[PDB]
Amino acid sequence: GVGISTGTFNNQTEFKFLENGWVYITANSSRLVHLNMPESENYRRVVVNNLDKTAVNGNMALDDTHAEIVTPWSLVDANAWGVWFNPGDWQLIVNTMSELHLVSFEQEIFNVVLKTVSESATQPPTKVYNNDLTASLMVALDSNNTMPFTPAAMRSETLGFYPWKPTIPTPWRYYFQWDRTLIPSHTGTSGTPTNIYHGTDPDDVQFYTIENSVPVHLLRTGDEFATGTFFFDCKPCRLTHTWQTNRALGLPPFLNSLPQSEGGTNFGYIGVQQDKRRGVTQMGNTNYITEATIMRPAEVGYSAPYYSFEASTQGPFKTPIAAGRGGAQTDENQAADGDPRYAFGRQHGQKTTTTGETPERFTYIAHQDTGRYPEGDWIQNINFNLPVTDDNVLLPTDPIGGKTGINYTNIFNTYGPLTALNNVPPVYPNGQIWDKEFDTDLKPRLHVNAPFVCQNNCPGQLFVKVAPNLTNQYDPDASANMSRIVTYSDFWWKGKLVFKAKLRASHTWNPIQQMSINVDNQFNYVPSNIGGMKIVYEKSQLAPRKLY
Amino acid sequence: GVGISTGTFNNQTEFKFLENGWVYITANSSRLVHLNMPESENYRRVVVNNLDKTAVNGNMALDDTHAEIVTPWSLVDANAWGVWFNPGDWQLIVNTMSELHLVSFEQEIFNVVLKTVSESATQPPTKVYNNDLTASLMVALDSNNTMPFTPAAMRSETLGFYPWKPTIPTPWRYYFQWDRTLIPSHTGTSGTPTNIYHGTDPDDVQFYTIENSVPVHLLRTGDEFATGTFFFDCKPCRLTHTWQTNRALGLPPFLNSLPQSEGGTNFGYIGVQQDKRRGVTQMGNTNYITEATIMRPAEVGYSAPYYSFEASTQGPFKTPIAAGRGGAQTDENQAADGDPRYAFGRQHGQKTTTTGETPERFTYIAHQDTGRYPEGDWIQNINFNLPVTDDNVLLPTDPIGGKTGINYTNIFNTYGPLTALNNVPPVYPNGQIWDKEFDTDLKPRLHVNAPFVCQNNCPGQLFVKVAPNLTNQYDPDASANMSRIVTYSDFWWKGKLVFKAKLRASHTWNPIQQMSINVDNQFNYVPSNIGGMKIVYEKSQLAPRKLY
Amino acid sequence: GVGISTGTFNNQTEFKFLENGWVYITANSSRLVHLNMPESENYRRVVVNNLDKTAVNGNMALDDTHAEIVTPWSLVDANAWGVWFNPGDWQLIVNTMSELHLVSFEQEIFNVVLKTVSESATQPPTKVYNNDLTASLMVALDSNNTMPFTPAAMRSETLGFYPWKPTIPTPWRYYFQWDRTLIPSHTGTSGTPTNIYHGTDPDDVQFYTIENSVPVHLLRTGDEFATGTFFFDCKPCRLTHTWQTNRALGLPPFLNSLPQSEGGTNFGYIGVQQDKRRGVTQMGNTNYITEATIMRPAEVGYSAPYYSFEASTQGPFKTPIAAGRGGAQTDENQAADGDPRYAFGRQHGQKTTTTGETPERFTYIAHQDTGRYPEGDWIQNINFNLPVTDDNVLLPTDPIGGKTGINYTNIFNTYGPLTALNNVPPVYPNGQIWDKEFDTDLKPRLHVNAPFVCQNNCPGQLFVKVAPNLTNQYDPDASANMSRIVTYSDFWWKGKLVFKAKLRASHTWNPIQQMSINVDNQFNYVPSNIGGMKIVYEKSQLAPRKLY
């Protein structure tokens, strides 16, 4: 009731060691959640069209045009690593574990409190906060997944990552179908390229409402709500990275001459003339057997067009790629297409005492060597007469379509039946944990935003909303917006995310990479003298594994 | 208690598919209901007499004279289609179902909240809202149907049609017997026609009070009330329309000459001289057998006097008719007597963001072809000498009583033992669902306001009222009206209306009419950019069925 | 508790038809009851002495001198017909029933609410009402009848007669013994007649307190109280009236000459000389046998001194009489001694919208013909020489004691062993229902105020009082009256009064008197256009019955 708590705070992470090197990881997360009443009680169909930006020739990548339904509901999303693990737990997992299985998820709301605000007309303004013991919090669990799936991690709008910091839900909204055409252009393009919002296709209209699709629980201060346990059906997530490219697959050539002294220039030598060597190649018209030409079982990674923008009914979108760029591990400045860039605020890692709306950002450079170095690619004539002449080779420095800044690698695609690739690594703390699989007939082989993909279903989205607190003058048949008592709710959210992981084994003489605190990064993991906190991103696939 | 909810919000519509093509439709509807304390705590016997309007000769149709008992109670009425089905559900029903059975109805009130208003005498006015945890809401269910039946759909005063929009009950009142005489007149009528309110007949006086007839429950904030399930006993409602008139019944004539080429003017021909044909007619003194004169099994539809006003003890009233006008399906402007016209506000379909008290209106044009085209009627002498001469035929253009604007069709009635007709179609969203059968010895064959008629009884009306919240200065022996604390209540209403329907079958080569979203009507079914909503009317008897 | 109701409102009257023409009448009555805290918390012994009025010679009938204990308690009295039956129920009972048995009575208090008033010192006065959730209502049921019996109907201070109108209890007080002498006088009396309040006789002192005699329940807002069912032990009450006087008892004389034609003056004739007739008389010295002198079995009714005032220890009081005056049925203006006169306010029948403290009044004229017509009495000498001479007869026009306005009928008493009389009829709505029998050794044969007399005991009186709500400055050892928080209570009272009645039978060819609505009285039974209500008195012994 009014004076009785309905739940307990718990933010402990439990590691229970099972038999045969398996560990049962239970991540308990609890948060105080602050919820204001919605700006409006009505659903809105809102169109955004930043014509001012895209009207500048060459700015088509800046398109924000879309249509969305703005709802009075708020989304409680815990689908991000930082919600469940602090840096120490993450270190333990990524240093001691080799693979991760997502097992189950459950959440509850308890200790609901609803308050009203009265602001007097006194010349020196003043306001008072009073409990509304009979007011209700509306809670809806879309366990059947009737609503569109809108994971908040993509917008950095999940629950906060600090147990001792109150957090907020995010106002819920979803895309509403629209037709939009945007012809690309460049600086110096003559005229005005077609840039039009065409409207909505009636056959694609889907207006969803929570009230018509999901049972809604009314929670007074003495009530609680528990979702029950949901069990996942996902593939395991590897906590190791592969390093072998095509060049490091299989038996190396036999070295007939080995170095006799230590030193930088004391190389070995194969010792057999290149066109007199033994082995197998797929180049049926040459006798050269080299590390570049020797047959490999398949292809590790693939080349794809990079910063290619494809257009469909709704306008242009960047073509996604599975893996990051090669060479970024050596030079951070070379991080580009395929290296996810995260931008987030003070709830999710940015130093909490900073000021301004400029977000904290980082580009994740995965340890896996499955990318491409397009500056090193080339195409040459089938005749394969070496050394190749200018007319018989296409180089990455050769312009395509007359454009000095575009080469064939920009439009190149080597994905095929022989392609082998890995799933995206977890991105702590801002990365998404699980994602919903598409309801297309043919499904993608992976998702680029989360390591765990929901093959059949994963937990229903949790929606909350302050129930309307009407004054005595309400008139439903009037055009003016409803008159409401200013009401807001604080409730406690507790979730339990269960993983299963395998303890790693030492396979090599040498030690392996391990996440460690050091003098440089020390102060990223403790509060500042004024309580300021931050959570820096951490890599997750530290240890290597042999691909082949 | 104070901090514990007593019910759950549910506005889902469930379709459970039974065996053999039958579907169990459960319509769950939930609403937040706002109730102010009554203007007065006393019953009033009020007489209305718009003598100013009817005193103008020729305005007798504008009579509003009547007597009613105004009660302090409010009526919670959910008897309208829009309360239970959104447009998508209605589309599913009317496109996939052939008939509809009304099964059961139940409703409950929960999460009662009562608040008081205190408005200070401060020069800048201010008011505060406080919970009255010990105040009560008075709830009475007239399960025995002791009270007069006053369905709110007729006045467009049912609960609103939007789950996310708070709604209100309607102040309850009922007719009180009166005698009234109004002699009709026209412009140019000499003198003042008798226009008098005669009073009340003592033998017809019926003063009903809720307190003396119905048990009254007092609900505090921790209490709830459930009516229990009521099971209906009504006839099924068809979701198909008949198109066959008398002219399309039975075996057509045999065509002895069929067209040889496609084209507009390539007609067939019966090929037998009209007075030499074989068949049966009811015209015993003629040898002509034509499509107009051939015997048909019975009569589909009937002609009735239209815009005829009959007078009784209480004054004039329009004579109702079962079916709409013929030709309205081709031309909307020809919709007249028999085509119900609905007028409603922003709770019940009118664009919620509109301003002013002008209501939204529509005339329902049913798909069934059971009406009459009076311009096509005629009467001719029994001698039946063709071509008929002027003196031997009465045409719709012949004046009656010397009035150029009145013809015999205005006073014509062809209802008889051979008449066949259909029940009124459901009118979504504003149409009434069920209605109470009259307690006369001889009962009408149908009602024009609802498809489902209550043969024995249907659910008792639900009445609510804020219990009087007295100040300390109450004096019952004083003439002044009672001094009350300004109190109002918000409670949640939930109802469950159960139907049973039969899935339609395809009987013909061709497809049939189906309700569909399209480019024209698209934006009638989604919110506006400022949250404005509307519910446009939908037809219900789309698919055809053969009458004979 | 605070948010949970403890009872249900019910004002229904149930007629359950038993076997053999008996009906079980259950009168349910419910009221909202408003109770202010007592003016003082102490008992007071107060003496009233309107010496100014009685000091005028000839005004002794206006004596109001008495002594009473004024208590801080309030009395909840439902002992009046109007509390239990509306006019329709009363019509049903008095038209269809022949006798009435009082069976049982029970009552309860529920949904208690206590509030405090805070009135600010702001220059524009303002006051606020707040629930005192911990305050208590003190409720005492004197089931043992230890307290004096003070039926409120005598002062028109019972609960109100309208279910939808809040009512109040009456401040409780009871008589305290006193000695008082008032010598009667007339206009023109010389000197000052003795008019003295003598004080109190110590041997007759009885100071009663609720606290010392009755267990007291403390009800907080979440508590209720039920008296339990009390079963009465009273005689049945007839709903028929007798019409036969002594003149209509037994065998009429045989008419030897019957009229031969219809007409006003066609009388029958006994046809036997009066002193030659056969029969029996109690006049042993006369041969005249007439309708006036023939022996009758006994005497119906009796003559008593009228407007006689007897004096005892406490001063003069009117001598009560069992039956009303003869001839009042023909002329209302002749209603006098024995015809009870009721005066009441707007809670109990007076038009609720009237203004001023002038009460509504009516004189009840019973249908029974058991009274006397003193103008028709006479006394004559035993010699009985007819026609009687002046000296041998005492006429009602003969002065007694030399007073032209006083005759022997004013001091006449014919009550004796032969007297037969009826119980007083019920007086709807203001009449008392039951009354407590005196605790004298010899008990009266009836009471004039109620038809049902309590032979052993009838339900204990119900007392309520707002418990003292003290401020922080209370000092019990100070002479000043206690400082209390202004507190008041609203509670719901529900009672159930059970009767048993016998359905009437038709004994005669002719129909009988029946209460009916008509054009004249129509508007006495329905609310006015501003909600004004009234309850007019109704007669109860409509149907006749044969006495002998």
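We use all heavy atoms of the structure for the numbers below, so side chains are in, but hydrogens, waters and symmetry mates are not. Chain identifiers are assigned alphabetically (A, B, ...) following the order of the sequence lines, protein sequences preceding nucleic acid strands; residue numbering begins at 1 within each chain.
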Heavy-atom side-chain contact between B:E211 and C:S30 under 4.5 Å:
no
Highest number of heavy-atom pairs under 4.5 Å with chain C among B:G222, B:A467, B:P202 belongs to B:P202
Ranking C:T353, C:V128, C:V486, C:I168 by heavy-atom pairs under 4.5 Å to chain B gives rank one to C:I168
Margin query: Using the rule given for side chain to side chain contact (heavy atoms under 4.5 Å, CB included), can you reason through B:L218 versus C:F110, listing the C-alpha separation, both sets of side-chain angles and the distance that settles it, and then say yes or no?
Written below: CA-CA 10 Å; B:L218 307 175; C:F110 62 98; 3.5 Å; yes
For B:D52, is the CG atom crowded, meaning more than 12 foreign heavy atoms sit under 6.0 Å from it?
yes
Value for CG (B:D203) from CD (C:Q522), rounded to nearest 0.5 Å, stands at 8.5 Å
When the 4.5 angstrom heavy-atom criterion is applied to C:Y488 and chain B, the contacting part is side chain
Of the listed C:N111, C:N130, C:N10, C:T6, the one with the largest count of heavy-atom pairs under 4.5 Å with chain B is C:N111
Within residues 116-125 of chain C, contacts to chain B at heavy-atom distances under 4.5 Å involve C:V117, C:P124
Closest non-hydrogen atoms of C:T354 and B:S479, given as atom of the first, atom of the second and distance, are O-CB, 2.6 Å
Interatomic distance, CD@C:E357 vs CG@B:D477, rounded to 0.5 Å, equals 8.0 Å
If one checks every heavy atom of C:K127 against chain B at 4.5 Å, the contacting part turns out to be side chain
Honestly, the part of B:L114 sitting under 4.5 Å from a heavy atom of chain C is neither
Under 4.5 Å to a heavy atom of chain B? For C:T167 that would be backbone
Of all heavy-atom pairs linking C:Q12 and B:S213, the shortest is NE2-O, 2.7 Å
*Under 3.5 Å, is there a donor-acceptor pair between the side chain of C:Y129 and the main chain of B:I485?*
no
Okay, B:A478 and chain C: the region with an atom under 4.5 Å from a heavy atom over there is backbone
Greatest number of non-hydrogen atom pairs under 4.5 angstrom with chain C, of B:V46, B:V214, B:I69, falls to B:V214
In short, C:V526 meets B:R45 closest at the heavy-atom pair CG2-NE, 3.4 Å
Applying a strict 4.5 Å limit to non-hydrogen atoms, the region of C:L32 in contact with chain B is side chain
Honestly, the part of C:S528 sitting under 4.5 Å from a heavy atom of chain B is backbone
Which of B:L219, B:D223, B:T134 passes side-chain contact (heavy atoms from CB on, under 4.5 Å) with C:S5? It is B:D223
Do B:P72 and C:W164 make a side-chain contact, defined as non-hydrogen atoms from C-beta onward lying under 4.5 Å apart? no
Enclosure of C:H217 NE2 (heavy-atom neighbours >12, cutoff 6.0 Å): no
Assert top hit (heavy-atom pairs under 4.5 Å, partner chain B, pool C:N28, C:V112, C:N521, C:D520) equals C:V112
If one checks every heavy atom of C:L133 against chain B at 4.5 Å, the contacting part turns out to be side chain
Interatomic distance, NE2@C:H34 vs CG@B:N472, rounded to 0.5 Å, equals 6.0 Å
Counting heavy-atom pairs under 4.5 angstrom with chain C, the leader among B:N469, B:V2, B:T471 is B:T471
Cut-off 4.5 Å, heavy atoms of chain B, and the answer for C:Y525 is backbone
Residue from C:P166, C:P163, C:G1 scoring the most non-hydrogen pairs under 4.5 Å with chain B is C:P166
>> Between the side chains of B:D132 and C:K115, is the shortest nitrogen-to-carboxylate-oxygen separation below 4.0 Å, so that they form an ion pair?
In response: yes
Going by heavy atoms in the side chains, are B:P215 and C:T8 under 4.5 Å from each other?
no
Against chain C, residues from residues 35-44 of chain B with at least one heavy atom under 4.5 Å, in numeric order, are B:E41, B:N42, B:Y43, B:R44
Scanning both residues in full, the closest heavy-atom pair of B:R220 with C:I4 reads NH1-O, 3.5 Å
The side-chain contact (heavy atoms from CB on, under 4.5 Å) partners of B:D204 (sequence neighbours excluded) come to B:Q177, B:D201
Sequence neighbours excluded, the answer for ring-ring contact (aromatic ring centres under 6.0 Å, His included) partners of B:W73 is none
